[PDB]
């Protein structure tokens, strides 16, 4: 079974809103809401991966960020380790840089059912802030 390390960024603005994108219909976890992110490549660190992934996916450079949560999840056909970084400072303005839907969502209104099930404890913990 495939094993992956994934780095994602929880992009939070001053109004307690999070920048959320929607996954493609033909991707793993198709049509789900997501924190922007992707696979940590060989020769790069988890911190370097979340910077690169957010630059690629939404056109911002995160800075002075923190590890909010790290967890493992076994999907039906793959095992992933997710690194959730809390990003509250960045250069740039996030947008759908890869043509994907993106928008700001109030933290209090997030529905964990809209996200991959691996995100359940993270969305709960975010609402605890």
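Residue numbers count along the first chain shown, from 1.
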- Note on the structure: Quick note on 48 to 56 and 62 to 70: per-entry mean CA temperature factor is higher in 62 to 70
- Query: If you average the Cα B factors in the entry, which is higher, 117 to 125 or 8 to 16?
  - Reply: 117 to 125
- Query: Going by the entry, which of 27, 42, 33, 87 has the most elevated CA B factor?
  - Reply: 42
- Sorting the chain's modelled residues by C-alpha B-factor and splitting them into thirds places residue 76 in the middle
- Note on the structure: Among the modelled residues of its chain, the C-alpha B-factor of residue 99 falls in the third labelled middle
- Message: Test of reading the entry: by CA B factor among the chain's modelled residues, which third contains residue 108?
- Response: highest
